[PDB]
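Structure file model-v2.txt (compact mmCIF, C-alpha atoms) follows.
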# COMPACT_ATOMS: atom_id res chain seq x y z
CA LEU A 2969 -45.56 63.43 28.22
CA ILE A 2970 -45.91 65.49 31.42
CA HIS A 2971 -43.60 68.11 29.98
CA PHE A 2972 -45.64 68.07 26.80
CA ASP A 2973 -49.08 68.38 28.45
CA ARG A 2974 -47.70 71.22 30.59
CA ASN A 2975 -46.52 72.92 27.40
CA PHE A 2976 -49.70 72.27 25.48
CA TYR A 2977 -51.99 74.18 27.85
CA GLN A 2978 -49.24 76.81 28.39
CA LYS A 2979 -49.00 77.64 24.71
CA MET A 2980 -52.30 76.79 23.12
CA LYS A 2981 -55.18 77.38 25.50
CA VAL A 2982 -56.33 80.85 26.60
CA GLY A 2983 -58.29 81.38 29.80
CA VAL A 2984 -56.29 80.72 32.96
CA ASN A 2985 -56.30 77.18 34.26
CA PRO A 2986 -60.01 76.46 34.43
CA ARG A 2987 -59.45 73.17 32.52
CA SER A 2988 -57.14 70.23 33.24
CA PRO A 2989 -55.84 66.67 32.40
CA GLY A 2990 -57.86 64.78 29.90
CA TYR A 2991 -55.81 64.45 26.76
CA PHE A 2992 -52.91 63.31 29.03
CA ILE A 2993 -54.69 60.07 29.93
CA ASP A 2994 -55.80 59.53 26.29
CA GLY A 2995 -52.35 60.41 25.00
CA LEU A 2996 -50.90 57.68 27.23
CA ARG A 2997 -53.60 55.22 26.16
CA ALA A 2998 -52.75 55.89 22.52
CA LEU A 2999 -49.00 55.19 23.04
CA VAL A 3000 -49.65 51.83 24.65
CA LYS A 3001 -52.02 50.93 21.83
CA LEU A 3002 -49.49 52.23 19.27
CA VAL A 3003 -46.28 50.62 20.57
CA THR A 3004 -48.04 47.23 20.85
CA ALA A 3005 -49.40 47.74 17.31
CA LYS A 3006 -45.90 48.63 16.04
CA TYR A 3007 -43.76 46.10 17.96
CA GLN A 3008 -46.10 43.30 16.79
CA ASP A 3009 -45.53 44.59 13.24
CA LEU A 3010 -41.75 45.22 13.62
CA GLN A 3011 -41.28 41.64 14.78
CA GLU A 3012 -43.63 40.49 12.00
CA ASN A 3013 -41.41 41.99 9.26
CA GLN A 3014 -38.28 40.83 11.15
CA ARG A 3015 -39.83 37.34 11.04
CA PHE A 3016 -40.36 37.78 7.27
CA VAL A 3017 -36.62 38.53 6.74
CA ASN A 3018 -35.54 35.75 9.11
CA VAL A 3019 -37.73 33.21 7.24
CA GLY A 3020 -36.13 34.50 3.99
CA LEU A 3021 -32.65 34.04 5.51
CA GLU A 3022 -33.48 30.35 6.27
CA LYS A 3023 -34.69 29.85 2.70
CA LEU A 3024 -31.68 31.41 0.88
CA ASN A 3025 -29.16 29.36 2.94
CA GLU A 3026 -30.98 26.13 2.03
CA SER A 3027 -30.57 26.89 -1.73
CA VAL A 3028 -26.81 27.70 -1.70
CA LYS A 3297 -25.97 30.77 -7.72
CA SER A 3298 -24.20 33.73 -9.45
CA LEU A 3299 -26.26 36.70 -8.18
CA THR A 3300 -28.06 34.99 -5.21
CA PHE A 3301 -25.22 35.79 -2.79
CA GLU A 3302 -26.06 39.48 -3.15
CA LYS A 3303 -29.53 38.60 -1.75
CA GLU A 3304 -27.85 36.73 1.09
CA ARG A 3305 -25.78 39.85 1.73
CA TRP A 3306 -29.08 41.40 2.77
CA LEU A 3307 -27.89 41.80 6.31
CA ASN A 3308 -27.95 45.53 5.48
CA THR A 3309 -31.72 45.16 5.96
CA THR A 3310 -31.13 42.80 8.90
CA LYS A 3311 -28.58 45.32 10.29
CA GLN A 3312 -31.14 48.07 9.53
CA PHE A 3313 -33.83 46.67 11.86
CA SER A 3314 -31.97 47.65 15.07
CA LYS A 3315 -31.95 51.33 14.03
CA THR A 3316 -35.69 51.09 13.10
CA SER A 3317 -36.60 49.58 16.52
CA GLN A 3318 -34.50 52.18 18.44
CA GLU A 3319 -36.75 54.96 17.25
CA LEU A 3320 -40.22 53.24 17.53
CA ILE A 3321 -40.71 54.21 21.21
CA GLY A 3322 -40.17 57.93 20.60
CA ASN A 3323 -41.94 57.68 17.17
CA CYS A 3324 -45.00 56.38 18.90
CA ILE A 3325 -44.82 59.31 21.34
CA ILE A 3326 -45.25 61.80 18.45
CA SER A 3327 -47.91 59.69 16.74
CA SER A 3328 -49.97 59.47 19.93
CA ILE A 3329 -49.70 63.14 20.59
CA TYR A 3330 -50.85 63.92 17.00
CA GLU A 3331 -53.93 61.71 17.38
CA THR A 3332 -54.84 63.16 20.77
CA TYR A 3333 -53.63 66.79 21.09
CA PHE A 3334 -53.37 67.97 17.48
CA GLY A 3335 -56.74 67.08 15.94
CA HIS A 3336 -58.17 70.56 16.58
CA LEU A 3337 -55.00 72.68 16.04
CA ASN A 3338 -53.93 75.04 13.14
CA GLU A 3339 -51.50 74.10 10.40
CA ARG A 3340 -48.92 76.27 12.17
CA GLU A 3341 -50.05 75.28 15.66
CA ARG A 3342 -49.36 71.62 14.94
CA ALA A 3343 -45.88 72.20 13.50
CA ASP A 3344 -44.88 74.43 16.35
CA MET A 3345 -45.88 71.95 19.06
CA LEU A 3346 -43.99 69.30 17.12
CA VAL A 3347 -40.86 71.42 17.58
CA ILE A 3348 -41.40 71.61 21.32
CA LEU A 3349 -42.08 67.90 21.36
CA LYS A 3350 -39.01 67.04 19.25
CA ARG A 3351 -36.72 69.23 21.34
CA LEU A 3352 -38.20 67.53 24.42
CA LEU A 3353 -37.40 64.24 22.69
CA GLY A 3354 -33.96 65.80 22.16
CA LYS A 3355 -33.24 66.37 25.87
CA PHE A 3356 -34.44 62.90 26.83
CA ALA A 3357 -32.48 59.78 25.94
CA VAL A 3358 -35.15 58.90 23.39
CA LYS A 3359 -34.40 58.29 19.74
CA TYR A 3360 -36.81 59.48 17.07
CA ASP A 3361 -36.83 59.54 13.24
CA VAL A 3362 -35.42 62.90 12.17
CA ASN A 3363 -37.02 62.64 8.73
CA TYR A 3364 -40.52 61.92 10.17
CA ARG A 3365 -43.96 62.35 8.59
CA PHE A 3366 -47.24 61.67 10.41
CA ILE A 3367 -49.17 60.83 7.27
CA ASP A 3368 -46.70 58.24 5.88
CA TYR A 3369 -46.09 56.79 9.34
CA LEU A 3370 -49.66 55.86 10.17
CA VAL A 3371 -51.51 55.97 6.83
CA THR A 3372 -51.49 52.88 4.65
CA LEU A 3373 -51.55 53.36 0.85
CA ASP A 3374 -54.71 51.22 0.63
CA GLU A 3375 -56.44 53.59 3.11
CA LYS A 3376 -54.87 56.70 1.55
CA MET A 3377 -56.48 55.61 -1.76
CA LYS A 3378 -59.80 54.78 -0.10
CA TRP A 3379 -60.27 58.19 1.48
CA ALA B 3539 -39.93 73.77 -10.95
CA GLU B 3540 -37.41 70.92 -11.00
CA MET B 3541 -37.47 70.27 -7.29
CA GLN B 3542 -41.22 70.64 -6.72
CA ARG B 3543 -41.75 68.06 -9.52
CA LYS B 3544 -39.23 65.73 -7.85
CA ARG B 3545 -40.79 66.26 -4.41
CA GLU B 3546 -43.96 64.38 -5.44
CA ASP B 3547 -42.11 61.35 -6.91
CA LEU B 3548 -39.64 61.36 -3.97
CA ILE B 3549 -42.20 60.17 -1.44
CA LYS B 3550 -44.23 58.42 -4.20
CA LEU B 3551 -41.40 56.12 -5.41
CA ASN B 3552 -40.36 55.81 -1.73
CA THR B 3553 -43.69 54.12 -0.97
CA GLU B 3554 -44.21 52.56 -4.46
CA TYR B 3555 -40.83 50.79 -4.67
CA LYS B 3556 -41.03 49.67 -1.05
CA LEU B 3557 -44.51 48.27 -1.77
CA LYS B 3558 -42.99 46.72 -4.94
CA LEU B 3559 -40.14 45.41 -2.76
CA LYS B 3560 -42.78 43.71 -0.55
CA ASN B 3561 -44.73 42.72 -3.70
CA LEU B 3562 -41.75 41.12 -5.48
CA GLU B 3563 -40.47 39.32 -2.31
CA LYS B 3564 -43.86 37.57 -2.17
CA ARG B 3565 -43.78 36.67 -5.93
CA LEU B 3566 -40.30 35.20 -5.48
CA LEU B 3567 -41.16 32.97 -2.49
CA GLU B 3568 -44.38 31.62 -4.12
CA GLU B 3569 -42.46 30.24 -7.13
CA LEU B 3570 -39.42 29.12 -5.07
CA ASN B 3571 -41.73 26.77 -3.11
CA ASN B 3572 -43.52 25.55 -6.27
CA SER B 3573 -40.45 25.07 -8.51
CA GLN B 3574 -37.88 23.74 -5.99
CA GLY B 3575 -38.06 20.13 -7.20
CA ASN B 3576 -38.91 21.38 -10.70
CA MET B 3577 -36.55 23.08 -13.17
CA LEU B 3578 -35.25 26.62 -12.80
CA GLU B 3579 -38.53 28.39 -13.51
CA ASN B 3580 -37.47 30.75 -10.71
CA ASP B 3581 -35.00 31.96 -13.38
CA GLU B 3582 -37.93 33.46 -15.33
CA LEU B 3583 -38.67 35.52 -12.19
CA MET B 3584 -34.93 35.95 -11.54
CA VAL B 3585 -34.48 38.02 -14.74
CA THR B 3586 -37.25 40.14 -13.19
CA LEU B 3587 -35.17 39.96 -9.98
CA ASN B 3588 -32.20 41.02 -12.13
CA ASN B 3589 -34.39 44.02 -12.97
CA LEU B 3590 -34.91 44.31 -9.19
CA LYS B 3591 -31.14 45.03 -8.87
CA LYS B 3592 -32.08 48.40 -10.38
CA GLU B 3593 -35.16 48.59 -8.11
CA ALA B 3594 -33.52 47.64 -4.79
CA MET B 3595 -30.69 50.02 -5.58
CA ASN B 3596 -33.04 52.63 -7.11
CA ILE B 3597 -34.23 53.09 -3.53
CA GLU B 3598 -30.68 53.55 -2.42
CA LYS B 3599 -30.12 55.97 -5.31
CA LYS B 3600 -33.06 58.08 -4.27
CA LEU B 3601 -32.39 57.94 -0.50
CA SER B 3602 -28.89 59.27 -1.18
CA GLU B 3603 -30.18 62.29 -3.10
CA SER B 3604 -32.89 62.79 -0.45
CA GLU B 3605 -30.34 63.70 2.20
CA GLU B 3606 -29.28 66.34 -0.33
CA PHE B 3607 -32.85 67.44 -1.33
CA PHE B 3608 -34.43 67.85 2.11
CA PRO B 3609 -31.96 70.43 3.51
CA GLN B 3610 -32.40 72.43 0.26
CA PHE B 3611 -36.19 72.18 0.57
CA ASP B 3612 -36.02 73.54 4.12
CA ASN B 3613 -33.83 76.40 2.90
CA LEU B 3614 -36.54 77.37 0.40
CA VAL B 3615 -39.32 77.38 2.99
CA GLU B 3616 -37.85 80.52 4.58
CA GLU B 3617 -38.10 82.95 1.67
Would you mind writing the file's structure down as structure tokens?
Amino acid sequence: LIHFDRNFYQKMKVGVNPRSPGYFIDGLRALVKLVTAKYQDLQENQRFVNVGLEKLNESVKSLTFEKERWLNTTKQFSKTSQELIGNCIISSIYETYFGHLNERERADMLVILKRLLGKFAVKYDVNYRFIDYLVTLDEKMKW
Amino acid sequence: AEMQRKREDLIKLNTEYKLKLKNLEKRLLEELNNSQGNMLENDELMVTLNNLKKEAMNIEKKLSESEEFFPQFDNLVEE
């Protein structure tokens, strides 16, 4: 986040260092609010597949053991949770630093962010999309 | 034209089927709790869950061709 803020002013802003840390604080405050929003919802859907695992085992019939074999989804959760920390990083930065940038200016910072996420031992979703990640289809309709 | 048409339904049926996956999981558990001491009514939703074997695996069908579509999309952005 330090290496991103240092790169944001370095690339984007013109006029030499009159202005300083603001977004940085708000970018951090977004991440905390976003990880807590996402980990409460990761564990909520993990609780919905664990309560469905309890209910299928109670029943057991011809095709139902395919549903039981839904440890692919249960196996899938670990990979999903591995990336949520670094996924929240990008989401927070988009909400805070990107709002007033150009189509191209957003994309390009994303590159610098992702390659910063690449150096660090942080895992992010390679096929990532800001819209789909934080917009809900009920809100996407509403707007 | 073929891939720009499939680009829209790619992320559409991504969200639609996953919202239908969350929608049909809920429809299944509502009747499983109502019909458990009753007859196999669940069966009347299980033929719809037999249709879901196309839907659950439709997702898997489309995710497999996505890993093929995306790198071709990004090749076309350059020209």
ask   = Nearest to chain B among A:3326, A:3349, A:3017, A:2969, with distances taken over all atoms listed in the file: which residue is it?
value =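 Using all atoms listed in the file, chain B sits closest to A:3017.
The residues of chain B lying at most 9 Å from chain A, with only C-alpha atoms taken into account, are residues 3549, 3553, 3567, 3588 and 3608 of chain B.
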Find the residues around range 3350-3358 of chain A up to 8 Å (all atoms listed in the file counted), leave out those fewer than 6 positions away in its own chain, and share them as a PDB file with C-alpha atoms, in the frame of the given file.
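Okay, out-v4.pdb is ready:
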ATOM      1  CA  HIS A2971     -43.600  68.110  29.980  1.00  0.00           C
ATOM      2  CA  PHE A2972     -45.640  68.070  26.800  1.00  0.00           C
ATOM      3  CA  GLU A3319     -36.750  54.960  17.250  1.00  0.00           C
ATOM      4  CA  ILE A3321     -40.710  54.210  21.210  1.00  0.00           C
ATOM      5  CA  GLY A3322     -40.170  57.930  20.600  1.00  0.00           C
TER       6      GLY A3322
END
- Provide the CA of residue 3371 in chain A to CA of residue 3019 in chain A distance in Å, to one decimal place.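 Between these atoms lies a distance of 26.6 Å.
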Which of A:3007, A:2983, A:2990, A:2977 sits closest to residue 3324 in chain A [using only C-alpha atoms]: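 Using only C-alpha atoms, the shortest distance to residue 3324 in chain A belongs to A:3007.
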Open item on the list: What's around range 3589-3595 of chain B at 12 Å? Count all atoms listed in the file, leave out sequence neighbours fewer than 6 positions away in its own chain, and write the answer as a ChimeraX atom specification.
Closed with: /A:3299-3300,3302-3303,3306,3308-3309 /B:3551-3552,3554-3563,3566,3582-3583,3601-3602
re CA of residue 3330 in chain A and CA of residue 3367 in chain A: distance 10.3 Å
Next item on the list: Measure the distance from CA of residue 3006 in chain A to CA of residue 3320 in chain A in Å and round it to one decimal.
Entry: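 Atom-to-atom, CA of residue 3006 in chain A and CA of residue 3320 in chain A are spaced 7.5 Å apart.
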Write out as an mmCIF file with C-alpha atoms, in the frame of the given file which residues come within 10 Å of residue 3362 in chain A when counting only C-alpha atoms, dropping same-chain ones fewer than 2 positions away.
data_model
loop_
_atom_site.group_PDB
_atom_site.id
_atom_site.type_symbol
_atom_site.label_atom_id
_atom_site.label_comp_id
_atom_site.auth_asym_id
_atom_site.auth_seq_id
_atom_site.Cartn_x
_atom_site.Cartn_y
_atom_site.Cartn_z
ATOM 1 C CA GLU A 3319 -36.750 54.960 17.250
ATOM 2 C CA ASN A 3323 -41.940 57.680 17.170
ATOM 3 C CA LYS A 3350 -39.010 67.040 19.250
ATOM 4 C CA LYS A 3359 -34.400 58.290 19.740
ATOM 5 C CA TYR A 3360 -36.810 59.480 17.070
ATOM 6 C CA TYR A 3364 -40.520 61.920 10.170
ATOM 7 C CA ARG A 3365 -43.960 62.350 8.590
#
With N, CA and C atoms as the target, complete range 3550-3586 of chain B and hand it back as an mmCIF file, keeping the file's coordinate frame.
data_model
loop_
_atom_site.group_PDB
_atom_site.id
_atom_site.type_symbol
_atom_site.label_atom_id
_atom_site.label_comp_id
_atom_site.auth_asym_id
_atom_site.auth_seq_id
_atom_site.Cartn_x
_atom_site.Cartn_y
_atom_site.Cartn_z
ATOM 1 N N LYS B 3550 -43.460 59.377 -3.391
ATOM 2 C CA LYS B 3550 -44.230 58.420 -4.200
ATOM 3 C C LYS B 3550 -43.452 57.138 -4.500
ATOM 4 N N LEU B 3551 -42.248 57.277 -5.060
ATOM 5 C CA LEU B 3551 -41.400 56.120 -5.410
ATOM 6 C C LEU B 3551 -40.747 55.516 -4.165
ATOM 7 N N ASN B 3552 -40.687 56.299 -3.080
ATOM 8 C CA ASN B 3552 -40.360 55.810 -1.730
ATOM 9 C C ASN B 3552 -41.340 54.730 -1.296
ATOM 10 N N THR B 3553 -42.632 55.048 -1.357
ATOM 11 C CA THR B 3553 -43.690 54.120 -0.970
ATOM 12 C C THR B 3553 -43.970 53.056 -2.039
ATOM 13 N N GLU B 3554 -43.964 53.460 -3.316
ATOM 14 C CA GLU B 3554 -44.210 52.560 -4.460
ATOM 15 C C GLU B 3554 -43.174 51.431 -4.568
ATOM 16 N N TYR B 3555 -41.891 51.788 -4.548
ATOM 17 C CA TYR B 3555 -40.830 50.790 -4.670
ATOM 18 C C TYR B 3555 -40.725 49.918 -3.434
ATOM 19 N N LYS B 3556 -41.021 50.473 -2.265
ATOM 20 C CA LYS B 3556 -41.030 49.670 -1.050
ATOM 21 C C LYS B 3556 -42.247 48.746 -0.983
ATOM 22 N N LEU B 3557 -43.352 49.156 -1.601
ATOM 23 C CA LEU B 3557 -44.510 48.270 -1.770
ATOM 24 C C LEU B 3557 -44.273 47.256 -2.892
ATOM 25 N N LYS B 3558 -43.472 47.636 -3.894
ATOM 26 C CA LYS B 3558 -42.990 46.720 -4.940
ATOM 27 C C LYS B 3558 -41.901 45.773 -4.438
ATOM 28 N N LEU B 3559 -41.134 46.232 -3.449
ATOM 29 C CA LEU B 3559 -40.140 45.410 -2.760
ATOM 30 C C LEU B 3559 -40.820 44.328 -1.917
ATOM 31 N N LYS B 3560 -41.949 44.668 -1.299
ATOM 32 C CA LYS B 3560 -42.780 43.710 -0.550
ATOM 33 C C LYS B 3560 -43.609 42.853 -1.505
ATOM 34 N N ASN B 3561 -43.966 43.420 -2.659
ATOM 35 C CA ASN B 3561 -44.730 42.720 -3.700
ATOM 36 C C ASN B 3561 -43.890 41.703 -4.480
ATOM 37 N N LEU B 3562 -42.616 42.022 -4.720
ATOM 38 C CA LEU B 3562 -41.750 41.120 -5.480
ATOM 39 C C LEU B 3562 -41.109 40.028 -4.612
ATOM 40 N N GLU B 3563 -40.920 40.315 -3.316
ATOM 41 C CA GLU B 3563 -40.470 39.320 -2.310
ATOM 42 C C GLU B 3563 -41.478 38.172 -2.185
ATOM 43 N N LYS B 3564 -42.762 38.534 -2.207
ATOM 44 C CA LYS B 3564 -43.860 37.570 -2.170
ATOM 45 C C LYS B 3564 -43.966 36.734 -3.458
ATOM 46 N N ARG B 3565 -43.721 37.364 -4.615
ATOM 47 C CA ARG B 3565 -43.780 36.670 -5.930
ATOM 48 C C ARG B 3565 -42.628 35.673 -6.114
ATOM 49 N N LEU B 3566 -41.492 36.026 -5.520
ATOM 50 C CA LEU B 3566 -40.300 35.200 -5.480
ATOM 51 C C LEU B 3566 -40.454 33.933 -4.610
ATOM 52 N N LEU B 3567 -41.021 34.095 -3.414
ATOM 53 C CA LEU B 3567 -41.160 32.970 -2.490
ATOM 54 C C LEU B 3567 -42.270 31.987 -2.882
ATOM 55 N N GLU B 3568 -43.286 32.474 -3.607
ATOM 56 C CA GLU B 3568 -44.380 31.620 -4.120
ATOM 57 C C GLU B 3568 -43.880 30.618 -5.182
ATOM 58 N N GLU B 3569 -43.008 31.096 -6.074
ATOM 59 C CA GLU B 3569 -42.460 30.240 -7.130
ATOM 60 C C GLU B 3569 -41.258 29.406 -6.657
ATOM 61 N N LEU B 3570 -40.522 29.898 -5.662
ATOM 62 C CA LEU B 3570 -39.420 29.120 -5.070
ATOM 63 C C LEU B 3570 -39.897 27.865 -4.323
ATOM 64 N N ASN B 3571 -41.115 27.915 -3.786
ATOM 65 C CA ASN B 3571 -41.730 26.770 -3.110
ATOM 66 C C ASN B 3571 -42.458 25.808 -4.056
ATOM 67 N N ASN B 3572 -42.922 26.338 -5.191
ATOM 68 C CA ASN B 3572 -43.520 25.550 -6.270
ATOM 69 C C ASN B 3572 -42.504 24.860 -7.169
ATOM 70 N N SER B 3573 -41.418 25.556 -7.504
ATOM 71 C CA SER B 3573 -40.450 25.070 -8.510
ATOM 72 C C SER B 3573 -39.166 24.394 -7.991
ATOM 73 N N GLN B 3574 -39.093 24.173 -6.685
ATOM 74 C CA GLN B 3574 -37.880 23.740 -5.990
ATOM 75 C C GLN B 3574 -37.400 22.358 -6.434
ATOM 76 N N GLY B 3575 -38.354 21.455 -6.659
ATOM 77 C CA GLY B 3575 -38.060 20.130 -7.200
ATOM 78 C C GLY B 3575 -38.154 20.098 -8.716
ATOM 79 N N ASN B 3576 -38.773 21.144 -9.267
ATOM 80 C CA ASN B 3576 -38.910 21.380 -10.700
ATOM 81 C C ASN B 3576 -37.646 22.094 -11.225
ATOM 82 N N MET B 3577 -37.634 22.367 -12.526
ATOM 83 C CA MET B 3577 -36.550 23.080 -13.170
ATOM 84 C C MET B 3577 -36.442 24.532 -12.679
ATOM 85 N N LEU B 3578 -35.478 25.252 -13.237
ATOM 86 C CA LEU B 3578 -35.250 26.620 -12.800
ATOM 87 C C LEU B 3578 -36.224 27.556 -13.493
ATOM 88 N N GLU B 3579 -37.498 27.412 -13.138
ATOM 89 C CA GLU B 3579 -38.530 28.390 -13.510
ATOM 90 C C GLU B 3579 -38.243 29.709 -12.789
ATOM 91 N N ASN B 3580 -37.830 29.589 -11.524
ATOM 92 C CA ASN B 3580 -37.470 30.750 -10.710
ATOM 93 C C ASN B 3580 -36.630 31.733 -11.494
ATOM 94 N N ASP B 3581 -35.874 31.207 -12.467
ATOM 95 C CA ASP B 3581 -35.000 31.960 -13.380
ATOM 96 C C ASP B 3581 -35.797 32.954 -14.214
ATOM 97 N N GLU B 3582 -37.042 32.597 -14.539
ATOM 98 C CA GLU B 3582 -37.930 33.460 -15.330
ATOM 99 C C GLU B 3582 -38.462 34.631 -14.479
ATOM 100 N N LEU B 3583 -38.423 34.446 -13.159
ATOM 101 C CA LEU B 3583 -38.670 35.520 -12.190
ATOM 102 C C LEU B 3583 -37.338 36.147 -11.740
ATOM 103 N N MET B 3584 -36.232 35.443 -11.972
ATOM 104 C CA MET B 3584 -34.930 35.950 -11.540
ATOM 105 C C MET B 3584 -34.340 36.960 -12.521
ATOM 106 N N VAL B 3585 -34.798 36.949 -13.775
ATOM 107 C CA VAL B 3585 -34.480 38.020 -14.740
ATOM 108 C C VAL B 3585 -35.293 39.285 -14.438
ATOM 109 N N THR B 3586 -36.417 39.081 -13.748
ATOM 110 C CA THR B 3586 -37.250 40.140 -13.190
ATOM 111 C C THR B 3586 -36.627 40.578 -11.845
#
